[PDB]
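Below is one structure, written out as structure tokens, with a few remarks after it.
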Amino acid sequence: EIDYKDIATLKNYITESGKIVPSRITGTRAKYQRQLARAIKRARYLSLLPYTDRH
Amino acid sequence: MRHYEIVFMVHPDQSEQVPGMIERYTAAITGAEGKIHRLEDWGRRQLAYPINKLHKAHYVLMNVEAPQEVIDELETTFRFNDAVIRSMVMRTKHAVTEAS
Amino acid sequence: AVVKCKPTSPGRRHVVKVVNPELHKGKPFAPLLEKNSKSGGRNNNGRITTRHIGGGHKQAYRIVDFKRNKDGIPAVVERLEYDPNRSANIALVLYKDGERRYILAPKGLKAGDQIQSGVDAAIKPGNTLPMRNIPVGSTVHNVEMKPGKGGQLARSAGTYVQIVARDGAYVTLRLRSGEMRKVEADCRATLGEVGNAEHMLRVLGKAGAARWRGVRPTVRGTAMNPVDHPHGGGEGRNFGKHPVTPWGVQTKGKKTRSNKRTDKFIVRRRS
Amino acid sequence: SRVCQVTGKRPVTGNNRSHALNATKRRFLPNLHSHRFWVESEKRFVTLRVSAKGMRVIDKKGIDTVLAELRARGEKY
Amino acid sequence: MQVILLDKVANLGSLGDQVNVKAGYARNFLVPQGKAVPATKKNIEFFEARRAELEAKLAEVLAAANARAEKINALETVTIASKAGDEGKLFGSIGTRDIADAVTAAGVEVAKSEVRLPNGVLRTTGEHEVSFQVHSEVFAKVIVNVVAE
RNA sequence: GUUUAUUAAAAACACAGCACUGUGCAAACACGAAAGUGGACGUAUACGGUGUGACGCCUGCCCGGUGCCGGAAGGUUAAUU
Ligand SMILES: [Mg+2]
Ligand SMILES: [Mg+2]
Ligand SMILES: [Mg+2]
Ligand SMILES: [Mg+2]
Ligand SMILES: [Mg+2]
Ligand SMILES: [Mg+2]
Ligand SMILES: [Mg+2]
Ligand SMILES: [Mg+2]
């Protein structure tokens with residue numbers, strides 16, 4: 001359901017240095033976090049999101 | 001005969017050829033009884049990180065439904081086309097036509 | 001395939017053969033053959049110039065198209081056949097205009113496959129294009145040193161050349177030996193590796209096997225007398241000398257290349 | 001035939017002497033080179049086997065005068 | 001070497017000067033060309049009688065070249081065809097001979113040796129600029145475009 | 001299998017196999033004052049040299065000496081000036 005192109009919402013679940021925020025903090029469900037991570041990694045590959053703050 | 005989602009970024013200097021490539025790629029699938037369910041030209045966008053000493057790329061979206069061979073034979077063309085860099089394809093179960 | 005012979009007799013225990021059922025069992029293409037005679041290592045003066053050459057089975061040369069200048073005419077692989085003159089096999093191709101030629105068989109080529117040569121040819125094994133149009137990082141074989149001169153690199157059974165960089169009018173090639181060399185982008189190359197990669201797994205098994213292919217015995221320098229070889233003799237087995245060639249040049253380490261003409265194209269040596 | 005076509009220089013034989021004055025026969029041969037000189041009169045390039053000294057002779061006398069001597073000697077060029 | 005210049009040379013000197021140069025420079029370049037001749041008493045007297053007309057004649061050669069340069073410059077567009085691939089990438093190339101023939105075809109006769117291609121060999125489609133050297137002191141320019149189907 | 005034709009046929013030589021090393025093609029190398037020729041109408045799964053000598057289990061330590069390879073700031077150093 002979570003789409004990697006839905007780029008506006010992705011910063012809500014990543015930090016400044018590109019860290020993926022853990023579910024314990026964001027409170028997202030386990031199922032959604034798994035697909036969320038896939039979306040984030042997918043976006044990073046397309047240069048839509050940064051892997052880290054250093055490039 | 002499955003649903004596919006195709007994203008490919010081209011060299012910014014080739015921003016004037018993107019309409020041509022879309023027609024050729026669309027023609028190839030439509031010739032094999034396929035049909036395009038979504039087409040979107042996202043324009044030149046800022047890259048999150050540089051690729052090959054390059055910072056701006058032209059983004060487009062292409063969600064299609066076609067047989068195995070036409071995408072498989074389309075991938076090889078993507079490889080040797082220097083204009084396009086870092087293309088991706090995906091598998092989907094249902095056709096989607098949203099603005100996104 | 002590689003088959004180990006059963007030890008039915010000495011000289012057959014250790015023999016390992018390379019069997020390719022796809023090779024043509026019949027006679028070669030007669031109009032594309034010519035006679036080549038054995039020299040025995042003798043030059044025009046009659047002196048033995050290179051040693052350990054002599055005898056062996058009679059062989060007939062076959063004109064192999066090393067240039068591949070037939071541009072824009074597709075051809076079909078008629079058959080693969082054995083080539084006594086080289087480690088690799090040769091694929092007989094038929095251009096649809098009615099002309100037949102011999103080419104080195106690539107890794108995956110088989111009878112009936114489509115092959116095309118030219119600047120606009122598709123990127124498939126067996127197709128010949130200038131390295132200018134060939135994408136970088138692609139494996140190629142039968143590379144020409146000069147445009148139009150014919151391929152001279154990666155002609156052996158399983159050899160190949162990797163295109164690593166393309167800068168301006170020159171392409172840097174990773175040769176099979178490990179040395180990096182610069183060649184003009186206008187030179188042609190054939191996509192894909194050379195076929196019959198199992199040629200290195202065969203074992204002759206017996207002394208006569210080497211003789212069949214014109215390799216005469218090699219005599220060690222230690223067993224020589226001082227007059228014949230620098231290693232000389234000595235009562236018993238005495239060496240006490242730095243190893244050298246039979247003409248006194250030090251071997252086993254001494255660099256020998258002295259070509260100042262083309263060291264410009266050698267970006268990096270093999271080691 | 002390592003002979004200059006202009007000055008007629010040919011290899012000559014001498015011996016090289018070491019510090020102990022040992023004499024071993026040797027040969028002195030000229031600085032012949034293959035060079036082509038334009039003939040301003042005939043609009044064509046002429047190539048002949050000449051030495052460094054011979055080139056200077058052509059420089060001083062001129063190519064046109066030099067080829068005249070070769071014709072007199074019957075040497076083909 | 002001491003030589004007599006028959007034409008304006010870029011850096012060595014001007015017409016009629018007596019300036020020494022390297023033997024190789026005069027032997028292999030100036031003498032085979034018309035730029036200069038060896039400096040000897042024989043030619044010096046011949047030069048003096050020939051001095052008046054050579055200076056006058058060399059003025060007409062660059063005048064025709066300048067006139068021919070304008071004629072070349074008049075044809076501001078030349079169209080050539082070649083093997084053009086996808087996204088305008090040509091598999092082949094457009095050599096100096098190809099561009100030379102185009103200008104003479106229904107145009108002005110231009111030698112193959114006066115075409116200048118500093119940016120390369122025009123291996124890409126579109127329109128590019130090519131320069132010619134009709135004479136040592138004149139220039140010609142024109143836009144050249146290649147298209148094919 | 002080969003060898004001292006005519007006192008030595010062998011444990012000697014060769015051998016398939018193994019290893020080191022050279023060689024990017026106008027290859028190294030070799031015969032030639034040179035042209036040229038062989039290597040090879042072959043192209044590093046190729047070719048030359050060297051040692052070992054099927055196969056099986058293995059092949060330890062030492063780079064001071066000699067040789068080779070790499071670098072070379074410095075010292076010393078030829079013709080020439
Ligand atoms: Mg040998
Ligand atoms: Mg051996
Ligand atoms: Mg003995
Ligand atoms: Mg002893
Ligand atoms: Mg006896
Ligand atoms: Mg006996
Ligand atoms: Mg032994
Ligand atoms: Mg040991």
Side-chain angles (χ1 to χ4, degrees), chain C residues 7 10-16 18 34 36-53 61-64 66 83 85-88 104 141-146 149-161 173-183 193-211 215-224 229-231 236-237 239-259 261-263 265-271, chain D residues 1-2 11 26-27 29:
Chain C
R12 208 50 154 61
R13 169 182 250 101
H14 287 321
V15 167
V16 181
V18 173
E34 71 180 10
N36 78 325
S37 212
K38 278 179 313 252
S39 68
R42 278 77 167 164
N43 76 336
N44 59 341
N45 282 134
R47 297 280 185 88
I48 278 181
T49 278
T50 197
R51 303 181 307 161
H52 326 123
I53 297 182
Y61 188 66
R62 38 221 70 187
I63 312 316
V64 158
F66 280 114
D83 194 354
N85 282 108
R86 63 194 79 256
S87 58
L104 307 176
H141 64 303
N142 176 89
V143 193
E144 325 167 302
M145 292 270 198
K146 293 177 178 172
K149 193 181 175 184
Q152 303 180 258
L153 307 170
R155 315 229 300 239
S156 269
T159 41
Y160 66 76
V161 153
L173 306 182
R174 171 98 63 55
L175 301 186
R176 190 75 180 81
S177 71
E179 150 207 304
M180 314 264 270
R181 183 148 202 304
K182 274 212 333 203
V183 202
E193 290 152 11
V194 197
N196 172 33
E198 306 65 12
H199 172 276
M200 80 187 311
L201 302 177
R202 64 145 29 90
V203 173
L204 305 192
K206 69 174 185 171
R211 304 300 299 274
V215 177
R216 294 190 28 87
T218 284
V219 182
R220 282 143 44 239
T222 296
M224 287 268 195
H229 199 288
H231 285 195
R237 306 208 263 245
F239 195 74
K241 302 164 196 84
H242 297 101
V244 291
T245 84
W247 308 270
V249 174
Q250 203 269 0
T251 200
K252 202 168 319 289
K254 183 151 198 352
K255 303 296 186 62
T256 279
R257 177 209 169 93
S258 100
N259 188 221
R261 192 152 59 50
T262 88
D263 37 356
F265 305 123
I266 310 269
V267 41
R268 179 161 226 161
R269 291 303 272 161
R270 73 199 137 81
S271 187
Chain D
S1 70
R2 231 186 299 240
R26 65 159 287 186
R27 309 215 305 153
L29 38 65

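First the proteins, then the strands, lettered A, B, ... as listed; each starts at 1. Excluded from the calculations below are hydrogen atoms, water molecules and symmetry mates; all remaining heavy atoms, backbone and side chain alike, are included.
- A donor-acceptor contact shorter than 3.5 Å is absent between the side chain of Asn142(C) and the backbone of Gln152(C).
- With sequence neighbours excluded, the residues satisfying salt bridge (charged side-chain N to carboxylate O under 4.0 Å, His left out) with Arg86(C) are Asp83(C).
- With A26(F), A12(F), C15(F) as the candidates, the nucleotide lying closest to the side chain of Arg237(C) is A12(F).
- Close to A28(F), at under 4.0 Å from its OP1 or OP2, lies no side-chain N or O of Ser258(C).
- For the pair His229(C) NE2 and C13(F) P, the computed distance is 15 Å after rounding to whole Å.
- Note that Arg174(C) lies outside the cation-pi zone of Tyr160(C), set by a 6.0 Å cut-off to the ring centre and a 45° limit from the axis.
- Checking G24(F), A26(F), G22(F) against every side-chain atom of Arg261(C), the shortest atom distance belongs to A26(F).
- Between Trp247(C) atom CH2 and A28(F) atom P the separation is 14 Å, expressed in whole Å.
- Consecutive bases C57(F) and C58(F) are counted as stacked, their six-membered rings lying with centres under 5.5 Å apart and planes tilted under 30°.
- Note on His231(C): a side-chain N or O is less than 4.0 Å away from OP1 or OP2 of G51(F).
- Checking side-chain atoms of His231(C) against main-chain N and O of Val244(C) turns up a donor-acceptor pair under 3.5 Å.
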Polar atom pairs (N or O), protein with nucleotides 55-63 of chain F, under 3.5 Å:
none

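- Among the atoms of the strands shown, none is found under 4.0 Å from any heavy atom of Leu29(D).
- Side chain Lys252(C) to base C20(F): a donor-acceptor pair is found below 3.5 Å.
- With a glycosidic angle no further than 90° from 0, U4(F) counts as syn.
- Of the candidates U50(F), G22(F), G17(F), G17(F) carries the atom nearest the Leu204(C) side chain, counting heavy atoms from C-beta on.
- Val244(C) comes within 4.0 angstrom of the backbone, heavy atoms only, and of no base.
- Atom name P, nucleotides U2(F) and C41(F): the rounded distance is 30 Å, in whole Å.
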query = What string of B, S and - do you get for nucleotides 32-45 of chain F, 5' to 3', if B is base contact, S is sugar-phosphate-only contact and - is no contact with any protein heavy atom under 4.0 Å?
reply = SB--BBBS-BSBBB
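- With RNA chain F read from its 5' end, the first of the two nearest nucleotides for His242(C) and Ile48(C) is the one closest to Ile48(C).
- Between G70(F) and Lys255(C), a contact under 4.0 Å exists linking OP1 or OP2 to a side-chain N or O.
- Taking ring-centre separation below 5.5 Å and interplanar angle below 30 degrees as the test, the adjacent bases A40(F) and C41(F) do not pass.
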note = Given Watson-Crick and G-U pairs under 3.5 Å, RNA chain F in dot-bracket ([ ] crossing, | other strand) is ((.........))...((((((......(.(....).)........)))))).............................
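- Heavy atoms of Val249(C) sit nowhere under 4.0 angstrom from any nucleic acid atom.
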key: Verdict with reasoning, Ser87(C) to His199(C), per side-chain hydrogen bond (donor to acceptor under 3.5 Å, both in side chains)   = CA-CA 7 Å; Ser87(C) 58; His199(C) 172 276; 4.8 Å; no
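- At the heavy-atom level, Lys38(C) lies nowhere under 4.0 Å from the strands shown.
- Under the rule for a salt bridge (charged side-chain N to carboxylate O under 4.0 Å, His left out), the partners of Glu179(C) that lie at least two apart in sequence or sit in another chain are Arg269(C).
- With both ends at atom P, the span from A16(F) to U50(F) equals 15 Å, rounded to whole Å.
- Heavy atoms of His141(C) sit nowhere under 4.0 angstrom from any nucleic acid atom.
- As judged by a 4.0 angstrom heavy-atom cut-off over every strand, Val15(C) is placed among residues making no nucleic acid contact.
- The residue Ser1(D) sits apart from the nucleic acid: no heavy atom pair falls under 4.0 Å.
- Contact annotation for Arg216(C): no contact, since no heavy-atom pair falls under 4.0 Å across all strands.
- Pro246(C) comes within contact range of the sugar-phosphate backbone alone, with a heavy-atom separation under 4.0 Å but no base atom that close.
- When the P atom is used for both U59(F) and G74(F), the distance is 47 Å, rounded to whole Å.
- For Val183(C), the side-chain contact (heavy atoms from CB on, under 4.5 Å) partners two or more places apart in sequence, or in a different chain, are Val171(C), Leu173(C), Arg181(C), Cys187(C).
- Neighbouring nucleotides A26(F) and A27(F) do not stack on each other, since their six-membered rings fail either the 5.5 Å centre distance or the 30° plane angle limit.
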